[PDB]
Amino acid sequence: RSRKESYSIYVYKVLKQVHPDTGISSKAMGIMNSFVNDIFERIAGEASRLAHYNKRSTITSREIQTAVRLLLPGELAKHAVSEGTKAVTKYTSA
Amino acid sequence: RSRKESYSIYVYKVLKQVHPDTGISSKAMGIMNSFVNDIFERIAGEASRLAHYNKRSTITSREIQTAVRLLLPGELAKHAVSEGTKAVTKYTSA
Amino acid sequence: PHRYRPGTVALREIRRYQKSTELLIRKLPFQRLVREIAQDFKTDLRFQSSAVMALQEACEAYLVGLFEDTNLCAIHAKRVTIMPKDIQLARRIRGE
Amino acid sequence: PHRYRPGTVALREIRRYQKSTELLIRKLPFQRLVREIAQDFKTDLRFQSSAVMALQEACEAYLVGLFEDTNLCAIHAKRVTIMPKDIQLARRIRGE
Amino acid sequence: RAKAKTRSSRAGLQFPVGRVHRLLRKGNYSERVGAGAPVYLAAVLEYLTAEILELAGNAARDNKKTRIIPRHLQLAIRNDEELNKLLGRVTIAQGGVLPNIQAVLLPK
Amino acid sequence: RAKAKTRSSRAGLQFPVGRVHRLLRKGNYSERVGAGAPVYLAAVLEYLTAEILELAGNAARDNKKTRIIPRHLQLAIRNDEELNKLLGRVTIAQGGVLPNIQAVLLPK
Amino acid sequence: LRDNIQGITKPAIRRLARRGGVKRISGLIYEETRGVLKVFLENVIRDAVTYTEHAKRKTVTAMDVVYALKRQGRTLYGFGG
Amino acid sequence: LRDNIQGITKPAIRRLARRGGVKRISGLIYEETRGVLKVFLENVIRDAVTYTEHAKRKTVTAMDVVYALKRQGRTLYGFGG
DNA sequence: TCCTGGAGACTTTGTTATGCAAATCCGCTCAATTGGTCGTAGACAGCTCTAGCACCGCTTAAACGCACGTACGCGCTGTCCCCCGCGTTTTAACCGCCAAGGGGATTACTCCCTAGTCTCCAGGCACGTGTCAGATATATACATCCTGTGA
DNA sequence: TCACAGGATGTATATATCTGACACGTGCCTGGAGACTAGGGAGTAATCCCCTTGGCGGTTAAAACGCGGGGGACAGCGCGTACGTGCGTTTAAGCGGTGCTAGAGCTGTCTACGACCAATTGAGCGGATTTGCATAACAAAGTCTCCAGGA
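Protein chains in written order, with the entry's author numbering: chain D, 32 to 125; chain H, 32 to 125; chain E, 39 to 134; chain A, 39 to 134; chain G, 12 to 119; chain C, 12 to 119; chain F, 23 to 103; chain B, 23 to 103.
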């Protein structure tokens with residue numbers, strides 16, 4: 032039989048970090064999967080164009096960072112940037 | 032020296048085949064260039080996704096044809112489809 | 039005898055329906071409307087049960103949002119009752 | 039003496055401004071506004087002359103469309119004079 | 012050796028084909044581009060291009076001109092219901108607006 | 012021979028990194044994807060995910076449940092204007108609406 | 023079949039209006055509302071069918087509807103996509 | 023730079039309104055109009071500057087403005103695109 | 001005038017037992033990681049040159065500000081008829097059930113269509129040169145609209 | 001009330017003029033086109049079996065209908081002021097220069113960077129049990145309307 036990919040595992044985990052005693056319906060999960068896919072596409076889409084306009088072949092953390100700012104509200108953008116900045120900084124050191 | 036590409040040559044000719052006695056200002060030409068690029072990107076963008084949705088790598092005359100309909104109003108769409116059909120039918124037949 | 043006056047009940051219905059999530063429309067009538075329209079583009083079409091549900095929710099969401107704007111237009115004209123023209127104004131403002 | 043009546047002049051102005059294509063907002067005032075805003079984000083920022091014009095045309099197009107919708111809102115309320123309310127209503131209907 | 016020619020000639024088109032093939036290929040629109048894809052699209056762009064220019068030329072003559080300017084393009088687009096959709100949100104430099112005066116504002 | 016190890020662990024993330032890297036490679040976004048690219052992105056998606064779920068969990072609590080349902084997501088999102096905007100065009104299946112009644116309609 | 027536009031009954035229209043915060047409805051709304059609904063459906067269905075035909079299929083799926091809705095400036099969550 | 027928002031003078035506001043078909047303007051419009059203009063302009067500038075920074079430059083070009091406008095459903099023709 | 005207070009109806013709070021949707025466990029691939037290589041986009045330094053910034057002086061169109069009068073916006077009143085709320089009656093929608101087979105999803109082969117390659121040359125580009133449609137200033141003639149007398 | 005005159009006003013039409021923005025010409029260089037191979041993507045046929053369509057009977061809310069009466073929609077009228085018109089007086093925006101240089105744009109070189117391949121294997125998937133949350137039923141307690149008189 033064929034196999035599928037989704038984010039239901041990771042969404043479940045995150046819920047625990049914020050609310051360790053809270054579960055989630057399959058429908059709410061269906062919503063969360065659409066959410067993640069939507070945001071992913073937007074960032075990847077915008078980042079693609081930044082590379083296009085600046086004549087680059089490679090998407091780096093920068094195009095993503097810039098794309099994030101153009102897509103997110105200022106407050107969310109800041110927290111998102113801080114987390115991304117670290118993930119990359121650390122990954123490099125790790 | 033560096034170089035550029037535009038559609039100013041082709042736009043000019045098309046006018047002549049319609050109104051042989053008229054010309055085009057530099058701005059009207061600049062506008063027509065933005066117009067061509069805009070429509071081009073939409074069709075190419077949508078055609079890309081149709082292939083993606085249907086798990087395919089190659090864009091053919093059909094992904095474009097479908098994209099044309101989704102993007103154009105029904106009246107323009109069919110005229111465009113007729114012309115597209117011929118250009119390809121002929122090309123492959125010649 | 040006992041009863042409520044006009045305006046009292048209407049407010050309650052607003053409260054309740056805003057609160058709930060389910061469909062406010064009937065299903066079999068809707069399914070058929072979808073098909074009656076669909077056949078105009080192509081005969082012998084079929085639908086998945088999830089396809090129809092997706093259409094219903096999109097339709098209700100659309101109309102509910104429209105009614106909010108319609109209601110505001112009526113208020114702007116110092117009214118409570120909504121008229122067809124209040125709908126038309128809102129739509130046109132939105133470029134429809 | 040001789041005079042034109044209230045509203046008669048305004049109509050001629052409406053026609054002319056709809057008809058002509060030149061910018062209505064003065065250039066230097068506009069350019070300065072662009073920078074006055076931009077500096078709040080970044081100092082030592084510069085603009086090409088074509089960039090400033092691009093901004094200006096977009097700005098006028100936006101306000102002109104806004105005013106048309108504003109005008110309709112006032113008409114819907116049986117008025118000729120536009121008020122801040124009519125601006126706000128039109129925008130809100132568009133989810134701004 | 013066969014003599015080389017442009018594909019736009021073969022397809023009976025005025026718009027370039029080899030270039031479109033390339034443009035579709037790049038910008039990462041797809042991994043691959045079929046042989047008939049660029050041809051189909053060039054024809055589509057050509058059709059739409061002709062319609063705008065034709066209408067604008069008439070708009071130019073309404074002003075007794077022998078030349079098309081941005082304004083004429085504006086009028087062509089707006090008077091045509093379909094173009095006013097496809098390009099419904101396009102802002103055109105120095106386009107101006109249609110002479111739309113609401114009846115209720117007229118004197119009486 | 013080192014033991015194979017998930018990149019997500021290195022970055023301290025819960026979301027997958029290697030998969031994101033792949034998704035970035037395809038979808039025809041670019042020819043190439045940088046090493047830190049999927050890492051940065053995974054962190055962002057995870058962050059936003061947490062914000063919705065946290066508010067949703069609070070909304071669920073307010074309705075005295077131990078579980079999140081689509082409705083709680085709806086209310087949680089709107090109660091945060093930053094997300095209301097990001098998702099200002101998203102229809103939530105069974106989201107319902109906010110209980111807003113205009114003051115002018117109230118009895119008095 | 024036929025006449026399923028009348029299938030959108032009055033009470034249904036009222037209830038939809040109520041979520042919108044509408045308290046009071048004139049007698050002419052019902053017909054205007056139906057015309058509006060129909061246009062919405064025609065546009066969404068037509069696009070969904072187009073996707074279905076492209077894929078050379080007969081049954082319209084949730085994804086066909088979701089894609090059709092999306093591009094009209096409206097993204098639907100929970101049905102996949 | 024300060025108070026160049028007042029640089030958008032009454033006549034300018036009037037004329038823009040006139041092009042929109044507005045005949046008659048209340049005295050409170052002028053202040054409201056400026057607020058709305060500003061938000062529109064500011065948002066566009068911000069996106070354009072963001073693009074400028076990404077490109078690591080100081081001078082904003084027309085294309086940065088075009089992209090800034092575009093994504094808001096504002097395709098602009100005549101300045102390149 | 002308005003304020004009980006009471007009668008009434010409707011929503012919320014607290015029990016209670018039950019069903020199935022969600023949480024967790026088990027076993028099986030195949031996508032993620034390791035660990036090498038290869039070729040090249042991206043970073044950098046450097047230099048040339050264009051376009052933006054700053055300043056100056058002068059003309060004058062456009063922006064201020066004032067004063068007079070008027071259509072407009074607003075509040076208030078008074079009919080009247082359209083929409084609400086209620087009870088009685090009829091209709092069609094759900095729910096659970098069962099049967100048939102059409103079409104969606106799957107694998108397994110085949111080839112032919114397209115990526116990728118070298119070589120060649122002419123179509124499109126930048127940059128000059130020539131011209132004539134459109135812009136300027138001006139006079140001229142034609143519509144239109146405001147206020148006045150006189151029916 | 002109503003039309004018409006005409007007076008002033010503003011807009012449209014014809015002419016001459018001239019200038020700079022277009023149309024067209026020349027020479028030059030990549031980029032598009034022949035002619036070529038090699039290899040996986042897409043097309044085809046064959047198969048399974050999941051899901052939709054269709055029909056049935058019975059139960060029950062949910063729509064239809066009609067009645068009666070009050071609330072809001074609408075039209076008309078009066079008040080006063082907030083705007084519009086037009087004059088005279090300030091002001092600062094264009095216009096056409098001038099000169100400086102900071103930064104954009106292109107060249108040339110060298111490097112670490114990500115793509116690619118092949119081998120190995122554990123994270124994630126589907127599917128099978130488990131059990132506790134949410135559901136529905138039921139009775140009581142609390143909250144919110146709407147009169148009928150009275151202080």
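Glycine is no exception: its CB is placed at the ideal position from the N, C-alpha and C atoms.
Can you look up residue i in the DSSP assignment and give me helix, strand or coil?
i: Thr-31 of chain B; result: coil
i: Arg-43 of chain A; result: coil
i: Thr-120 of chain D; result: helix
i: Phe-85 of chain E; result: strand
i: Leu-61 of chain E; result: coil
i: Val-28 of chain C; result: coil
i: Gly-115 of chain D; result: helix
i: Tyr-99 of chain B; result: strand
i: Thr-72 of chain F; result: helix
i: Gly-54 of chain D; result: strand
i: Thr-97 of chain D; result: helix
i: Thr-55 of chain B; result: helix
i: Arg-73 of chain A; result: helix
i: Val-118 of chain A; result: coil
i: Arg-53 of chain A; result: helix
To the nearest angstrom, report how far apart residue i and residue j are at their CA atoms.
i: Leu-64 of chain G; j: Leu-109 of chain G; result: 18 Å
i: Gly-42 of chain F; j: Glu-95 of chain E; result: 15 Å
i: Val-55 of chain C; j: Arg-43 of chain C; result: 20 Å
i: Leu-107 of chain H; j: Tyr-100 of chain A; result: 28 Å
i: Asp-78 of chain A; j: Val-102 of chain E; result: 40 Å
i: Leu-63 of chain B; j: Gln-96 of chain D; result: 23 Å
i: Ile-90 of chain H; j: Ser-124 of chain H; result: 20 Å
i: residue 11 of chain D; j: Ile-30 of chain B; result: Limits of chain D in this structure are 32 at one end and 125 at the other, which puts residue 11 of chain D out of reach.
i: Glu-57 of chain G; j: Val-45 of chain H; result: 8 Å
i: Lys-37 of chain C; j: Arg-24 of chain B; result: 48 Å
i: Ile-75 of chain E; j: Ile-67 of chain F; result: 8 Å
i: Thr-83 of chain F; j: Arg-54 of chain A; result: 54 Å
i: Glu-72 of chain D; j: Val-31 of chain C; result: 11 Å
i: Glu-51 of chain E; j: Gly-57 of chain B; result: 38 Å
i: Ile-103 of chain G; j: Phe-68 of chain A; result: 19 Å
i: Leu-91 of chain B; j: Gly-99 of chain C; result: 19 Å
i: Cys-97 of chain A; j: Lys-76 of chain C; result: 49 Å
i: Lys-35 of chain D; j: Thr-55 of chain B; result: 53 Å
Quiz item: Of the residues that make up the region 55-73 of chain H, which ones have a beta carbon closer than 7 Å to any beta carbon in chain B?
Solution: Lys-58, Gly-61, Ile-62, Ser-65, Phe-66, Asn-68 and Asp-69
Quiz prompt | Residues, ordered as in the chain, of the region 43-60 of chain G that lie near chain H by beta-carbon distance below 8 Å | solution = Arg-43, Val-44, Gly-45, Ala-46, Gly-47, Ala-48, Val-50, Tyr-51, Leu-52, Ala-53, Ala-54, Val-55, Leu-56, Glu-57, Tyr-58, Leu-59 and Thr-60
Quiz item: What are the uninterrupted segments assigned as alpha helix (DSSP H) that are 4 or more residues long and contained completely in the region 30-118 of chain C, given in chain order?
Solution: 48-73, 81-89 and 92-97
Quiz item: Taking one C-beta from the region 71-85 of chain F and one from the region 70-78 of chain H each time, how about it: are there three or more such pairs within less than 8 Å?
Solution: no
Practice problem: Anything in the region 90-108 of chain A with a Cβ closer than 7 Å to a Cβ of chain E? List those residues in chain order, please. | Solution: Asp-107
Self-check item: Residues within the region 65-78 of chain B neighbouring chain A, beta-carbon criterion of under 7 Å
Solution: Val-66, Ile-67, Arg-68 and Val-71
Quiz item: Are the region 109-125 of chain D and the region 82-102 of chain B touching, with three or more C-beta to C-beta distances below 8 Å?
Solution: no
Self-check item: Touching by the beta-carbon criterion (3+ pairs, under 8 Å), the region 13-28 of chain C and the region 27-35 of chain G
Solution: no
Quiz item: Mind listing which residues of the region 13-24 of chain C have their C-beta closer than 8 Å to chain D's C-betas, in chain order?
Solution: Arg-18, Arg-21, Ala-22, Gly-23 and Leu-24
Self-check item: Segment contact, 8 Å Cβ cut-off, at least three pairs: the region 81-88 of chain E with the region 49-57 of chain F
Solution: no
Self-check item: Where the region 66-97 of chain C meets chain E: residues whose CB sits under 9 Å from a CB there
Solution: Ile-80, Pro-81, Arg-82 and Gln-85
Exercise. Examine the Cβ distances between the region 69-82 of chain C and the region 49-66 of chain D and report whether three or more of them are shorter than 8 Å.
Key: yes
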